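Number of protein chains: 2
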Amino acid sequence: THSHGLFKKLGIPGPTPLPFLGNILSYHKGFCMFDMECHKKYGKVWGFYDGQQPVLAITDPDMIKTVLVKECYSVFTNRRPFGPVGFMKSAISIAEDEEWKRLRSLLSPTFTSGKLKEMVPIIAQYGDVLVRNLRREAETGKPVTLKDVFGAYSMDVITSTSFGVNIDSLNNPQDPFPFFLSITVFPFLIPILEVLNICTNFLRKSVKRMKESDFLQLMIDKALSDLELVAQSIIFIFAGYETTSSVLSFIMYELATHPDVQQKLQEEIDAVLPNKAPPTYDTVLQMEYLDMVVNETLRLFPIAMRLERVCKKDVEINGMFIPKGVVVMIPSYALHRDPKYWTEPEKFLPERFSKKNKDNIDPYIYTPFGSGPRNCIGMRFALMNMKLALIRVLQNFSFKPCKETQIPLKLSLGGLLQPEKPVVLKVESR
Amino acid sequence: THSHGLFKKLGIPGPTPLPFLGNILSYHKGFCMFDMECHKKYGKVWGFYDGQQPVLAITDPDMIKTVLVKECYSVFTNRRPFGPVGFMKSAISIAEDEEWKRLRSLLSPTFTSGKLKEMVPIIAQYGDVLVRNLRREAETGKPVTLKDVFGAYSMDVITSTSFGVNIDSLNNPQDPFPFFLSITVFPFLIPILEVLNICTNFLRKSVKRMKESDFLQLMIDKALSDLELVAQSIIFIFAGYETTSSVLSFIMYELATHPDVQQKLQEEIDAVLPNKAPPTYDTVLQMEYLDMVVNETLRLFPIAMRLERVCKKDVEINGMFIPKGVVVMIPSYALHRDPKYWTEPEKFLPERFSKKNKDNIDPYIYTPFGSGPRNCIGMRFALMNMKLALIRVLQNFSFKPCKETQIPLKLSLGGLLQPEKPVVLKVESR
Ligand code: HEM
Ligand code: HEM
Ligand SMILES: O=C(N[C@H](CS[C@@H](Cc1ccccc1)C(=O)NCCCc1cccnc1)Cc1cccc2ccccc12)c1cccnc1
Ligand SMILES: O=C(N[C@H](CS[C@@H](Cc1ccccc1)C(=O)NCCCc1cccnc1)Cc1cccc2ccccc12)c1cccnc1
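Chains A and A', in that order, give the protein sequences. A prime marks a further copy of an entry chain. So the first sequence is residues 27 to 203, 218 to 239, 246 to 259, 270 to 277, 288 to 496, counted in PDB author numbering. So the second sequence is residues 27 to 203, 218 to 239, 246 to 259, 270 to 277, 288 to 496, counted in PDB author numbering.
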């Protein structure tokens with residue numbers, strides 16, 4: 027508990043840290059409730075300890091703009107060190123400084139407006155596998171676990187949008203994937233596990255055997291290793307499955323508990339796409355209410371909850387001294403629910419993002435995809451992927467609450483932003 | 027042994043590393059013999075592994091100038107990480123990047139030509155305690171352990187040149203101070233010990255109680291903490307004792323085994339200082355042969371043996387790619403004995419440093435005090451301290467080999483550059 031006097035010195039409020047543990051016992055209600063409580067207890071700026079690690083929480087939109095944008099390349103370049111990783115240290119999400127800058131430029135032309143438009147005719151296939159897999163569980167009046175049929179779709183998308191492998195995700199899906221804590225109170229142990237190779247060889251040799259003799273194309277086309295190829299593929303595999311399915315489950319819960327929004331969305335889909343027209347790249351972007359629903363759900367459920375940057379050297383941002391080594395954190399979940407910015411923040415209201423009202427929204431308060439040079443590189447792909455899925459599903463089915471549907475939806479009091487009970491809804495055919 | 031293929035990839039020769047251990051088993055003859063052997067086996071550039079840590083050895087004087095001078099602030103700023111340290115991480119010798127740059131500027135005016143000239147009237151006291159402590163062990167024909175009477179002098183110097191405490195170092199000296221290895225093959229364990237406070247509180251509270259209510273003066277006069295004061299004091303205490311005594315023992319051994327040089331030096335001392343005149347700041351600098359003896363001894367015995375810098379990012383120096391994280395090492399001991407630069411290098415010959423021959427010496431081959439911005443900050447003080455001691459001792463005593471004198475002198479086959487057996491010589495009074 028030696029370094030537990032930093033914020034007392036700097037005159038920054040926060041919860042009193044216990045020795046060794048710091049303030050980690052306060053995570054018993056989850057990161058979200060802890061951040062929402064501290065945002066009320068200490069105001070605009072406070073600090074806590076993840077073990078011996080000082081973490082300063084900031085809410086000033088100017089100070090957030092400074093960290094994420096103005097001083098990204100200079101001071102706030104990297105996220106919190108995460109280990110043990112092994113060869114995955116070369117992943118773009120985990121790499122640091124110059125190595126990250128080289129990876130960012132190398133992987134950036136994957137999600138251009140042109141490369142995304144090339145994927146719309148490809149994504150349109152598994153949307154029909156998604157509907158037909160749902161039409162079976164709908165003609166039988168059997169409630170549907172959404173994350174299963176969504177994850178089956180989300181897995182089909184990422185394997186082909188990046189590589190080209192086509193699999194109906196109801197036969198054998200070759201893609202499998218607590219203790220993830222303790223690292224906080226035992227980071228000294230991270231370099232320890234850095235050597236006993238505790239990092246499966248499943249795609250470590252299978253994806254490594256991407257002989258191919270797309271994102272896989274533009275890579276072999288400084289330079290990039292074939293393993294540097296494996297680690298990035300795993301990263302792009304991580305997001306496009308779990309994030310895509312979890313948000314789509316979050317959307318259908320809110321569309322089920324708010325039937326008025328679900329119908330108003332179905333009316334717009336039939337308008338832009340008459341006769342159940344196939345969704346194209348440009349017709350998806352025309353739908354504004356679909357964008358408002360996705361934006362409002364991501365406000366209530368920012369699947370990242372927090373944004374983090376490591377302060378690599380002493381700085382004085384927006385009139386506040388911040389010492390080297392301190393982790394700067396932006397409580398995305400708490401800011402998305404801050405009543406000082408959102409009227410009735412717990413209520414699902416897509417009209418916050420109407421073009422009449424989308425101007426009263428600060429882009430450093432609503433940050434579902436981060437901000438600055440190190441934002442979510444797969445943002446445009448993710449939004450398009452989820453929107454292409456919502457259109458084809460709502461064009462065919464309507465969703466109603468079931469007997470076993472968790473109303474209201476508890477968030478996972480544990481680590482990652484998921485529901486406690488899975489989202490099960492009744493599916494009816496139009 | 028995963029990272030044991032770096033030099034095989036780069037096409038750089040070196041000894042084959044065993045798993046986990048790397049090449050540390052080759053240290054069984056000491057760093058010096060290992061460096062001298064590898065300098066012959068692989069030529070101008072080679073690499074080895076300190077456990078899993080790659081260390082690239084360079085001998086090209088241009089590449090040495092690049093690392094130590096041209097690219098010091100940019101790439102080669104810090105030495106190898108050393109731990110566990112505790113609060114001593116703020117020491118100038120251990121600090122890194124900006125924190126070191128702030129410490130360097132803050133402590134640099136301590137060893138100016140003016141501040142050194144203020145210490146000559148102060149150092150002249152304990153030189154007489156050194157002579158009188160020797161005159162007792164000389165009027166009794168009892169051989170003298172040099173490092174005892176030298177360390178007693180060297181301890182008297184550092185306590186007053188920096189603080190002002192006066193003690194005859196034959197009563198109780200309040201200054202006490218293997219496993220130091222393993223860190224190489226167990227650095228993962230360094231952050232581990234970083235928390236169980238394995239770093246005595248002896249001067250940690252005594253020197254901390256430097257109420258004083270000099271180097272201590274110029275400190276309280288960005289800013290500097292009072293603990294930042296303790297750590298630096300300990301650093302300055304480390305060098306001025308052990309380094310000063312060990313080199314003075316190295317000099318008297320060579321002056322004893324080479325009586326012709328010892329007399330030619332005594333003749334110059336009586337010339338510049340007739341009637342055993344007290345040595346002053348300017349009379350010490352006039353003595354060239356005294357400088358040549360000190361320089362030649364430091365060639366045969368560079369007490370640091372090696373210079374090291376951590377390559378903080380990918381670079382291509384003098385036409386050689388060097389990857390991030392690699393430790394760049396300059397084998398000072400091996401270069402000081404390189405026959406490609408020195409004629410009969412094992413032979414003590416102060417005439418190498420005569421002004422007729424001091425021009426045939428490359429300053430990036432002879433580096434007893436390092437080079438560049440991070441050179442030995444206490445160089446000018448150390449040379450003056452040792453020279454002020456040699457003058458007053460040789461003005462009174464002559465030294466001859468004894469029965470138990472180790473001839474030839476074995477170097478310590480262990481870690482730090484010391485003799486195996488201590489240097490014991492017979493002392494006679496002129
Ligand atoms: C609803 C979907 C998604 C959300 C809400 C989301 C959110 C985020 C957030 C908050 C960050 C951190 C930004 C920061 O710290 O400033 C991030 C980073 C990242 N995202 Fe996503 N993400 C989503 C989907 C995806 C997808 C489909 C990909 C496909 C490759 C992806 C790839 C990445 C990568 C590689 C990073 C690391 C960026 C870097 O380190 O340069 N994400 N994402
Ligand atoms: C015969 C006497 C001495 C020798 C041969 C010697 C040698 C060296 C060497 C080789 C280095 C490393 C240079 C490099 O890596 O480039 C160094 C650094 C250093 N020396 Fe000495 N030294 C001696 C005495 C002293 C004394 C009396 C002091 C008094 C304060 C001192 C203070 C330091 C410090 C603080 C550093 C670290 C420099 C930095 O990190 O900026 N040394 N010395
Ligand atoms: O990713 C989850 N935990 C991460 C751990 S780091 C790493 C994952 C990893 C790589 C190699 C070995 C072991 C693990 C990573 O590359 N992760 C972002 C990639 C997908 C992605 C995910 C989300 C948004 N966008 C892209 C921390 C984290 C959480 C949340 C948001 C983050 C945002 C940025 C960086 C780290 C973030 C995770 C979460 C839930 C289920 N499964 C895994
Ligand atoms: O210092 C010796 N071991 C060092 C270890 S790091 C540190 C010492 C320390 C600080 C705080 C906690 C524990 C240890 C240090 O501050 N050390 C240079 C200071 C004196 C000094 C010494 C020599 C020259 N000039 C100044 C590595 C090293 C060796 C040799 C030369 C180096 C040169 C530069 C940096 C590290 C060097 C050591 C050696 C022999 C006996 N006793 C201790």
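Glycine included, C-beta positions come from ideal geometry on N, C-alpha and C.
Rounded Cβ spacing between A83(A) and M395(A) (contact assumed at less than 8 Å): Yes, they are in contact, since the Cβ atoms of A83(A) and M395(A) sit about 5 Å apart, within 8 Å.
Rounded separation between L129(A) and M89(A) - CA only: The alpha-carbon atoms of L129(A) and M89(A) are separated by roughly 27 Å.
Residue from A455(A'), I223(A') and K35(A') whose Cα sits closest to the Cα of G73(A'): Considering only alpha carbons, the answer is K35(A').
Cross-chain neighbours of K379(A') in chain A, by beta carbon under 8 Å: Ordered by position in chain A, the residues that pass the 8 Å Cβ test against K379(A') are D123 and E124.
Which residues DSSP lists as bridging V381(A), in chain order: Note: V381(A) sits in a beta bridge opposite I388(A).
Residue-chain proximity (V392(A), chain A'), Cβ-Cβ < 7 Å: Residue-level contact by beta carbon fails for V392(A) and chain A', as no gap is shorter than 7 Å.
Sufficient close CB pairs (3 or more, under 8 Å) joining the segment 154-163 of chain A' to the segment 472-484 of chain A': With the cut-off at 8 Å, the segment 154-163 of chain A' and the segment 472-484 of chain A' do not touch.
Straight-line gap, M275(A') to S252(A') (C-alpha atoms, nearest Å): When the Cα atoms are used, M275(A') and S252(A') turn out to be separated by approximately 17 Å.
Bridge partner(s) assigned by DSSP for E494(A'): Answer is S464(A').
DSSP state of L373(A') mapped onto helix, strand, coil: Strand.
Check: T309(A') C-beta below 6 Å from any heavy atom of ligand 4: Result yes, Cβ under 6 Å from ligand 4.
Contacts of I50(A) in chain A' (Cβ-Cβ under 8 Å): Those do not exist, as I50(A) stays about 15 Å from chain A' at its closest Cβ, beyond 8 Å.
Other residues of its chain near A121(A'): CB distance less than 6 Å, five sequence neighbours each side excluded: Contacts found: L129.
Within 9 Å of chain A by C-beta, residues of the segment 151-170 of chain A' in sequence order: For the segment 151-170 of chain A', the set of residues with a beta-carbon nearer than 9 Å to any beta-carbon of chain A is empty.
Residues that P227(A') contacts on chain A, provided the C-beta gap is smaller than 9 Å: Those within 9 Å of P227(A') in chain A are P231.
C-alpha gap between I335(A') and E354(A'), whole angstroms: Inter-residue distance for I335(A') and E354(A') is about 10 Å (C-alpha atoms, whole angstroms).
Test: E97(A) CB closer than 7 Å to a CB of chain A': Taking CB atoms only, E97(A) has no neighbour in chain A' less than 7 Å away.
Closer than 7 Å to chain A' by CB, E294(A): It does not: the Cβ of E294(A) has no partner Cβ on chain A' nearer than 7 Å.
Within 8 Å of chain A by C-beta, residues of the segment 77-94 of chain A' in sequence order: For the segment 77-94 of chain A', the beta-carbon criterion of a distance under 8 Å to any beta-carbon of chain A is satisfied by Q78.
Identified DSSP bridge partners for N104(A'): Note: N104(A') is bridge-paired with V376(A') in the DSSP secondary-structure output.
heavy atom of ligand 4 below 6 Å from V360(A') C-beta: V360(A') Cβ: outside cutoff for every heavy atom of ligand 4.
According to DSSP, residues forming a beta bridge with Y75(A'): According to DSSP, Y75(A') bridges with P80(A').
Alpha carbon of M145(A) to alpha carbon of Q79(A'), nearest angstrom: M145(A) and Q79(A'): Cα-Cα distance of roughly 45 Å.
Any non-hydrogen atom of ligand 4 closer than 6 Å to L236(A) Cβ: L236(A): no, Cβ never under 6 Å from ligand 4.
Any non-hydrogen atom of ligand 2 closer than 6 Å to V111(A') Cβ: Checking the Cβ of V111(A') against ligand 2 gives no.
First through last residue of the alpha helix (DSSP H) which encompasses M275(A): It spans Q273 to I276 - the alpha helix (DSSP H) in which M275(A) sits, taken as one unbroken run.
Runs of alpha helix (DSSP H) lying entirely within the segment 289-326 of chain A, each at least 4 residues, in chain order: Here the runs fully enclosed are 293-323.
Reference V71(A); option with closest CA among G40(A), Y99(A) and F60(A): With distances taken between Cα atoms, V71(A) lies closest to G40(A).
Within-7 Å CB hit, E234(A') to chain A: At a cut-off of 7 Å, the C-beta of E234(A') has a neighbouring C-beta in chain A.
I443(A) CB to nearest heavy atom of ligand 5 below 6 Å: Of the ligands this structure carries, namely ligand 1, ligand 2, ligand 3 and ligand 4, none is ligand 5.
Best match in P405(A'), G481(A'), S119(A') and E494(A') for proximity to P218(A') [C-alpha to C-alpha]: Distances from the alpha-carbon of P218(A') to those of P405(A'), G481(A'), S119(A') and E494(A') put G481(A') closest.
Cβ-based burial, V101(A) [other Cβ within 10 Å; buried from 16]: Around the beta carbon of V101(A), 16 or more other beta carbons lie within 10 angstroms, which makes this residue buried.
Among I193(A), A297(A), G31(A) and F137(A), the one whose alpha carbon lies nearest that of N451(A): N451(A) has its Cα closest to that of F137(A), out of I193(A), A297(A), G31(A) and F137(A).
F108(A) Cβ short of 6 Å to ligand 3 heavy atom set: True, at least one ligand heavy atom lies under 6 Å from that Cβ.
Integer Cβ distance of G48(A) from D76(A), believed to fall under 8 Å: Between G48(A) and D76(A) a beta carbon distance of about 6 Å is seen, short of the 8 Å cut, so the two are scored as contacting.
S311(A) beta carbon less than 7 Å from that of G438(A): 7 Å or more divides the Cβ of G438(A) from the Cβ of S311(A).
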